[PDB]
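Everything on this sheet refers to the single structure shown next.
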Amino acid sequence: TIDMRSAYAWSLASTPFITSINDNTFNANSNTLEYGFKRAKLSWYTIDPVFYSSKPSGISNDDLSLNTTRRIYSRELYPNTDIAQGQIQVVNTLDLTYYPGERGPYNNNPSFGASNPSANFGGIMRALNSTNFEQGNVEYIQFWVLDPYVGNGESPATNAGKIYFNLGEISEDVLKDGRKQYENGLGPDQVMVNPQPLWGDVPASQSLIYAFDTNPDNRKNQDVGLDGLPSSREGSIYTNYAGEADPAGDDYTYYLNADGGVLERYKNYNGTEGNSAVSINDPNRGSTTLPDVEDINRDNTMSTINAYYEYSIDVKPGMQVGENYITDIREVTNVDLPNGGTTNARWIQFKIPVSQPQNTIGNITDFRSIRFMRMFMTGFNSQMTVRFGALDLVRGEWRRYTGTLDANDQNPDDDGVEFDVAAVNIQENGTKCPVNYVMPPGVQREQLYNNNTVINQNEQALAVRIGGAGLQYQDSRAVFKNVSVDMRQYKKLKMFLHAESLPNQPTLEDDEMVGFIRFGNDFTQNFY
Amino acid sequence: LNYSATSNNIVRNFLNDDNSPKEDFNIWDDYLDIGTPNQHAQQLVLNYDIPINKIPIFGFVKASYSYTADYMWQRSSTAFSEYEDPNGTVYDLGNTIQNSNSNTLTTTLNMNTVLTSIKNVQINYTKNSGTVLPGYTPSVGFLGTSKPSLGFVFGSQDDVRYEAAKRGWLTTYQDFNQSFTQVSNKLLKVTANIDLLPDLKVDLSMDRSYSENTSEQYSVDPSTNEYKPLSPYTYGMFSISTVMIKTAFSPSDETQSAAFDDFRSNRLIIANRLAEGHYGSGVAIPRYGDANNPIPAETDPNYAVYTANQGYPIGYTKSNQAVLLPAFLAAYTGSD
Amino acid sequence: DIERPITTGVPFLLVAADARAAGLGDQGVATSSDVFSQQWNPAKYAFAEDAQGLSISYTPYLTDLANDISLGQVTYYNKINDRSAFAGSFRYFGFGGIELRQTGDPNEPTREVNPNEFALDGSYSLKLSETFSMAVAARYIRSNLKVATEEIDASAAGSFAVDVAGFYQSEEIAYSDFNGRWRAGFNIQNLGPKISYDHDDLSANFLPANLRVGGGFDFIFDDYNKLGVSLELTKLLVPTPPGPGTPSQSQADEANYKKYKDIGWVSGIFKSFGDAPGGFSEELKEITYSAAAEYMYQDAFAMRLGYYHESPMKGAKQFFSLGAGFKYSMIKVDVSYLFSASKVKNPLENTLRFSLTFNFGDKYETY
Amino acid sequence: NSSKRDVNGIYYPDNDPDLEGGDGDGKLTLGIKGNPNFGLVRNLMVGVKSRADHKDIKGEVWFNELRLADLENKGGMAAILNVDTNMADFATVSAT
Amino acid sequence: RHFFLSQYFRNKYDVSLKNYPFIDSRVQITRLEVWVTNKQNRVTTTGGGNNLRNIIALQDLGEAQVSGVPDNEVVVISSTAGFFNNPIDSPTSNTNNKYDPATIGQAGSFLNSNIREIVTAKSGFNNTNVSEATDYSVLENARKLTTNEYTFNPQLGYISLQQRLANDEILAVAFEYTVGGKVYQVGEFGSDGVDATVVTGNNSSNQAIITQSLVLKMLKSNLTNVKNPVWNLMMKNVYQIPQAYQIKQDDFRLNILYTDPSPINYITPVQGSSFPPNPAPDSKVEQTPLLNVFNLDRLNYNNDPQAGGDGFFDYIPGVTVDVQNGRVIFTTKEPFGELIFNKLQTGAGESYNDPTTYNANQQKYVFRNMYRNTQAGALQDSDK
Amino acid sequence: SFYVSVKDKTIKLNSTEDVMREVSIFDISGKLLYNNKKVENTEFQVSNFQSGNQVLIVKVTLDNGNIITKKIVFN
Amino acid sequence: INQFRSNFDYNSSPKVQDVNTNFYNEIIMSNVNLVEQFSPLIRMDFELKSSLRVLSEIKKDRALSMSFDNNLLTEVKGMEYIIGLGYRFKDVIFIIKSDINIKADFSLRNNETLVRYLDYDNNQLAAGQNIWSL
Ligand SMILES: CCCCCCCCCCC(CCCCCCCCCC)(CO[C@H]1O[C@@H](CO)[C@H](O[C@@H]2O[C@@H](CO)[C@H](O)[C@@H](O)[C@@H]2O)[C@@H](O)[C@@H]1O)CO[C@H]1O[C@@H](CO)[C@H](O[C@@H]2O[C@@H](CO)[C@H](O)[C@@H](O)[C@@H]2O)[C@@H](O)[C@H]1O
């Protein structure tokens, strides 16, 4: 797995296309301020442990028992995972609080309060360290998320929506003008683009290093947000909100410098204006020291290509395993809370296969160059909190075999057969809805000593799912591995196999599916 | 004087007229058979202590000279010596010869036995050299050779290309892809000692390094046998001890730099001097804003360049290396 | 293999921290009084022969893999009268200095972290009779094994514990073939409030409260040859967590864990005993035992064999131990080695434990 | 080119009418195509095929603990003979 | 790690090495500048200087036509009508086509001055179907590689990087070479290219800054597309001998075997077929050691030609072996692809680029997919 | 002269004029977490989930049998 | 000059100006380096008769590097202050008597990297270090 739930790695996203490059659902094709008209408010964060360990003034025990603010322990999400004593026992979830009815940064919509909140979007994007998904065999996007319709601070059932994931080349021009903004190049003594580029000031010089100096006056003149305006000249550009103290909606607030509950204190934690105060003792403490730049993979170049794959997840009150890429649901019955009460909880595991995108935007054909990952929430009516207890890109050592295995078919890339390969663990799939994962009889978990603590190792099986249209009479689907194994000194080859029917599908009968091992020098000419 | 020579010959008695090995060949067939030469190397090392202390006027010098000369002859493969073009003509592409020099001079020069404060003046001078000549058709003898020149065999570094072409022992192939090559290295390490005051110890050092590599292709004209060089080019490295203490203590930060202001101002002075060197004062020096070279329209490709240096000479703008390298050196050494 | 191990906070407190006891199968509750008698039985500090003693012990971890990962111990004892003694010990487990580096101009200043875990205790021992002594010890435990990152708080977790120990040592008694000596000891260890690694009362771990009961005999022949045979029994005073099920599949396990974790340490001490429908035999699986033999020549050379057996159901720590000890003038050197006999890999395998004690001050006669 | 092979060229002894006992395994179906070698396995494949003629089957299959078993632990023998002689500082012979 | 400098050198490689160690080419690469994507972002005066430039790399820069190669796999330009302005087999040069940086926007160029700016780079093309990652790539602070970070073959026109580009990095080059008395350049060097910055005005309120890009030849693009000709610039005939650094002759043995399943040093025809009849002596397959089949054994110990070779790998420190890095280079760009395909060809109906026409001996021995696909993609062709 | 750097769960080895042959990454428990016999002075991506473990041990085998040991914190 | 070379554009053809309207140069190079080192700028080493030894030194260096590829000036400036104090208290009594040897080492290193444009005021701070230790 490659972890993706680091909050500081995510930044404000560009406006996305939904179905094709010709779809103006969120005004992604607009070359004016209308490009930002559908952006609603979104905060992405990880709740600071100071809220749980040393309660700040204005935070009560009721504020910390909501299923949107409470501390998550590993033993709740992973009851079968052993943690050594003295190590990390809490799960640091990535929390995304979405306000579809509230204005996002750099949104100059004259009529935003009268618009449908479900037509808005709130999105973040991120650069990927490894870009070759084919060489790495990146198989799916896996995430454990809290059900927002079950717990103490549950959302109303009518607040259903969608979370979209985009993988590939996604534009870094967050404020679309063709120019790369970097705020360490702003300042009264700096040269700007002589005609202002529709969002504010952009430095005319070529950037060298994405870093501030330590002069507080230069910092005050430079840390002014992605629009390049210090909130006093924003009304000139963002004319529909010139009367407000923050016309661009980009002002930053430290979560300990705000009031209210935990969610309200992180509302403006992702603002790009004023988030890099020189002194760590500032009441509006920084949260970053890096200038905000429209260059996310830090190659000095702002990419404007929009060729990516689209995957989508529904967020509805009553989701079940077998649909909506759901592979597992774990129910938590009596969660102890700091206020002395108890609450219900539901963790849902999603496995979205990367090889089966729901849509394609632009000209992308393979997974050899996947540089950016974006996720945005839309379709929601009111405030919605989504807490990723886990969010990873999962790559496997077994590769799906593409190409025909039987000469009767002769049509490999057709027939609409959904062929997925994943893993089933004792640590993650002990409550799997069709069949709970258990070890085969006689198989035991390996035991090690971490530091005077006995740790049970994970027990894993390789799961292959055939769905969609289904398998033809003599067709087969297989995964393969390149090995170097000598079997001549042993007498037996042994393997455990299990077969189950898919939920909401016709029941698989005995001796209809055949499990096969094909091993040798190849899969087409020389094999047992 | 140490002299050494190595020779490797190959015996090819097991081959037919064509490139076909002889199946029925024994390893003892012609055992005491010296073959054709394949590689030949010579090395000469001469060391001299230069007894210049004979006269009692130069009895303080302790000079010492070392000369190393290396020569190599390498036979080319039959694919080169018997190359056949698609036209069917057979060309001898020749062999390769290489030369190396390692001159070294060390002088102690005791100043003993305001100028009397100097005690010792140590001078070190190293000079390496090398010459690679491909396409050299003639072979070598059992004891060596002097065919190109006796000096070349002992590292003369004097030109032999034209003489070799005239003598007719370079390749006659007109598409020869191998390059004549030369390399030179000079290193000077002067050191002096001064005792101006009884407890004031002063050491002075001067260093200069210069390395130069030249490469060219060549042909030999079928008539008159004259050597034709083709696309000669040179590269190398340079280093020299200098002094720029005059700008050492001037403040230099992100807000101010007097030396950098001098760098900016020196560009026009250097450009004007270069323009006088190019246009030799008999005409008005053309500039980028004058009547003959007006600022073009905003859509012209050269509008920005003409506007950037309006009063500079035509061939010497602010971005010319010939303009801003002397400007940089003068600004940061404190020179005018 | 290991079915339902007992989960306790700061398990490093249960590791033998001196070569002498390690070479005797990780037992010291009823062995002869020495400078290391603080982790095992402080009550015999009143039976010391030297007035003052200091000791340094080194137990390396993962010797083949890395250096500086070790458990060190420094002990000091001073018996003031012939009846009473004070002692202070410090155990420190550390990984050594670790540099936190990004590439970032590798000449840049870097932050060094030292994740560690230490316990500092002080004990007072008093002789009640001429053959019996008691001791009370107070210990402070700190754990700082976490490294501070984003969304990770590396605040140290601390706790306090008390120790109640008793040691009986008889006088020399002549028998038919030898004039041996009898020893007995008990030690109740690590009695204190739960340690919260995450600084939340809802998530707290039991201290490794332990009970050691042991007895030993000294075969003394020729006044220059001694053979001490010692036997030790150990029981953790922490409740056993629920297992496969103790009558909604995961709901029952969740409720059982909820009721198990909501148990006080004082009540957990008594809940460790019994809690089974069976008798003494069924509870014997929670008792670890150790048997040791120490040959002593001229009180200057020591040769130690030990066997330590845990029940393979919990922990799976079964091994033999070899040990040697030497005394030059006032400096004693101990070395110990471990031969594992368990399926699970022992972290102290292929490891030579070192111990070094200095004895100074007055000398006390032994009754 | 024999008709005893499938359309994919795999030979199944269980489908051979002239072979008694099939492949020797009543539980498994064994096939071979082109001289593979389990002394050096370079390519390993696990997959699902269908046997339902007029159906489109769907489902999930778990594979676990693919392993080798029953080590052939027969031993071996070796014998060495060395004759080293020296003859009066003149000769030395060493035979192995 | 290894890239041909141009399609001209790639298509000259096989013919120029027919009679090795003699090279049937007069190319002498004299100057080379290599630029990569800058992710380090470190400014130092010691690592060869601070030479950061904006770069635009064109896939089709400097390319002319090739005699036996269709234009569609020499250049990516959608239409070549009026693109070329030199004879077909002309050596690679800036003046070969309408992408010439020296003629930017003169009368009939395909580029405007907007090609010099990163912001207006796309509008700098006079044609319609130009893509931001196919026809060109852009970098804003590209770092010039130092001479210790790469080597190059000055005769065969390819480069070898010290660090491989297994990710989305962009590779761009400018180079100058000589053929006899003629000099050719393909990119823009820092000494002959446009200035990095031009400033108009006197103070920051009215000053205009123009940052100008160097025009270079693209060798590796931001996004991998195996169907573009730039993918063919990456060499696939170089093999790194594991752990080998300073290999020397008399201390290096190499053989080619066929393991199906046992190692055999010759190739047998498929049952019911035979190898092409009456082949040339340099194209024999039947009963031929695989060293001779793959053109690696034609010389004797002294590197002199021999009738059927001496049975040993031909060790030529500039052609078949990279001595300083312990690498072995085949004498053809695709030894296990087009070379063995040609040795097994029986008629003109068989085309190497059309696998449906193979004669059932090429169907089992030609590993085309290891040259037309990535290594992970070529994993799917398990029998080759 | 040897450096190991971790930026975002990615391990980066830096050796001055020394070329490595093998790399092994172990946990504090001693379990081998990663092993590569084809080191090219490149980066390494170990599985990001390690069950609360941060400290790792990197053992590098160079050209000769010299072994370089470095303790790192996986962040 | 780390690498200079001859220019093929400097030939006998009528073409004399490049794309920047500059005359072609016979010898072309990419970078020029001016390196200056006061090592030390000043070193005062003395010892008192009271066994107090002071070794103080100021070191300085400048690393100008001008690039003709982008016509930019990269300046690396460094200063270092070192103070070493040594003293020996004599016959310090705890019956137990010993000398106390006291050593103090103070260091202050400032390093700065600037990138300077010649045509306008764009001095860029690229790297820096402001360390002191005792
Ligand atoms: C601050 C922190 C601790 C520093 C304190 C230093 C004290 C050193 C004590 C040394 C020690 C243990 C050393 C082993 C432990 C080291 C382990 C280290 C491991 C590191 C990993 C034995 O060491 C003995 O070695 C003998 C050499 O053979 C010497 O004998 C000497 O030779 C001649 C002199 O030349 C002399 O004439 C002769 O009379 C000596 O016999 C002495 O050095 C000493 O007696 C202690 O034993 C004995 O030392 C004496 C003082 O000597 C101590 O008396 C007290 O000391 C102070 C009380 O605090 C008070 O002030 C003091 O009033 C009081 O009298 C007692 O304790 C006593 O029991």
Side-chain angles (χ1 to χ4, degrees), chain C residues 12 15-23 28 32-40 42 44-61 63 67-97 114 116-127 139-140 142 298-302 323-336 351-366, chain G residues 87-104:
Chain C
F12 91 100
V15 179
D18 64 278
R20 191 218 171 196
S32 62
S33 157
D34 65 334
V35 71
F36 311 110
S37 93
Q38 165 89 247
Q39 156 164 35
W40 312 104
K44 41 198 192 103
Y45 272 130
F47 280 89
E49 295 161 335
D50 267 282
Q52 308 164 49
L54 193 82
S55 74
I56 324 280
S57 276
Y58 188 84
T59 300
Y61 276 80
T63 22
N67 277 335
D68 270 47
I69 301 161
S70 75
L71 166 74
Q73 187 185 45
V74 179
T75 321
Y76 168 79
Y77 85 86
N78 182 15
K79 54 176 315 184
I80 39 158
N81 327 325
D82 59 317
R83 316 270 291 172
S84 66
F86 291 102
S89 150
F90 183 78
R91 277 172 293 161
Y92 185 96
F93 177 69
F95 305 134
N114 56 328
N116 67 90
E117 223 167 14
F118 70 85
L120 172 76
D121 45 23
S123 70
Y124 173 76
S125 61
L126 175 69
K127 230 181 281 206
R139 175 174 304 110
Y140 168 71
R142 195 179 234 243
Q298 270 185 64
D299 291 303
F301 173 62
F326 308 90
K327 183 214 262 163
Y328 171 44
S329 72
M330 77 141 180
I331 294 167
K332 237 167 300 184
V333 182
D334 290 308
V335 285
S336 83
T351 280
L352 200 59
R353 275 150 138 149
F354 185 86
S355 256
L356 176 81
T357 140
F358 311 82
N359 273 303
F360 42 97
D362 310 75
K363 273 244 164 213
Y364 290 93
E365 70 269 65
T366 290
Chain G
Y87 195 76
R88 193 201 290 261
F89 290 96
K90 277 250 151 216
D91 292 285
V92 194
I93 280 145
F94 205 42
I95 182 55
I96 297 197
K97 209 167 37 73
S98 101
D99 292 333
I100 297 184
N101 296 287
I102 303 208
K103 197 158 145 243

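Ligands are counted one by one from 1 in listed order, and the atoms in each one are counted from 1 as well. Numbered from 1 within each chain, the chains take letters A, B, ... in sequence-line order.
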Closer than 4.0 Å and a protein heavy atom, does any atom meet both conditions relative to [atom]?
atom: atom 33 (C) of ligand 1; value: no
atom: atom 69 (O) of ligand 1; value: yes
atom: atom 12 (C) of ligand 1; value: yes
atom: atom 9 (C) of ligand 1; value: no
atom: atom 55 (C) of ligand 1; value: no
atom: atom 47 (O) of ligand 1; value: yes

State the CZ-OG distance between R20(C) and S55(C), to the nearest 0.5 angstrom.
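One gets 12.0 Å once the value is rounded to the nearest 0.5 Å.
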Measuring from atom CZ of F47(C) to atom OG1 of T366(C), what distance do you get when rounded to the nearest 0.5 angstrom?
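Going from CZ on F47(C) over to OG1 on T366(C), the span is 9.0 Å.
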Which protein heavy atom lies closest to [atom], and at what distance to 0.1 Å?
atom: atom 59 (O) of ligand 1; answer: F94(G) CE2, 4.6 Å
atom: atom 22 (C) of ligand 1; answer: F360(C) CB, 4.3 Å
atom: atom 65 (O) of ligand 1; answer: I95(G) CG2, 4.8 Å
atom: atom 7 (C) of ligand 1; answer: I96(G) CD1, 4.5 Å

Is the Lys NZ or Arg CZ of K79(C) less than 6.0 Å from the centre of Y45(C)'s six-membered ring, within 45° of the axis?
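No.
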Row check, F326(C) ring normal vs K332(C) NZ/CZ: under 6.0 Å, within 45°:
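So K332(C) doesn't make the cation-pi contact.
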I want to know whether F90(C) and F118(C) have ring centres closer than 6.0 Å.
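Yes, the ring of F90(C) comes within the 6.0 Å limit of the ring of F118(C), centre to centre.
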Taking the six-membered ring for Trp, are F12(C) and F93(C) ring centroids under 6.0 Å apart?
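No, they do not, as the ring centres are separated by 6.0 Å or more.
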With a cut-off of 4.0 Å, which atoms of ligand 1 are near a heavy atom of [X]?
X: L54(C); result: 17 (C)
X: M330(C); result: 14 (C)
X: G361(C); result: 69 (O)

Which pair of non-hydrogen atoms, one from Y364(C) and one from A48(C), has the smallest distance, and what is that distance?
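Looking at all heavy atoms of both residues, the shortest contact is CB-O, 3.9 Å.
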Assess whether atom CZ of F360(C) is packed by more than 12 heavy atoms of other residues, nucleotides or ligands within 6.0 Å.
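Counting other residues, nucleotides and ligands, CZ of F360(C) exceeds 12 neighbours.
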For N67(C), look at atom CG and say whether over 12 heavy atoms of other residues, nucleotides or ligands are found less than 6.0 Å away.
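Open: at most 12 neighbouring heavy atoms sit under 6.0 Å from CG of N67(C).
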